[PDB]
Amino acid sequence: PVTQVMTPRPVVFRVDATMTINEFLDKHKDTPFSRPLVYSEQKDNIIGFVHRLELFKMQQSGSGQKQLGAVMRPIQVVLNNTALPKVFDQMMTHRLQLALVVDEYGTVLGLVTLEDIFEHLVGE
């Protein structure tokens, strides 16, 4: 059970894998969005996610011309019908900050974050 007690958040912030780190930090300075997903060719085709702090560090290291696709964290999926404590245990154990939530028809429902899971469990 996931969607049945926590609703997956919508994917609202997508960036192209071919976009460069410089371009990203350029276009999205002071962005309110903390969960930037990376898409490959179609905006529908999520292959990873990035963290702005991490990207900035790479830029300061002269890696600003690198493409998001080459430096992103790979996208991971969690099933809708998985127990929250288990999802939590898995994400923590793997240091996974966010995951796409998928149902039993292969449909992407939205995304969850480890902090979102934390916040829900802790409220119990």
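Start at 1 and count along the sequence shown; that's the residue number.
- Taking the PDB entry as given, 61-69 carries the higher mean Cα B factor of the two stretches 95-103 and 61-69.
- According to the PDB record, 21-29 carries the higher mean C-alpha B-factor of the two stretches 21-29 and 110-118.
- Among all modelled residues in its chain, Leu53 ranks in the highest third by Cα B-factor.
- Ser34: CA B factor in the lowest third of modelled residues in this chain (values from the PDB entry).
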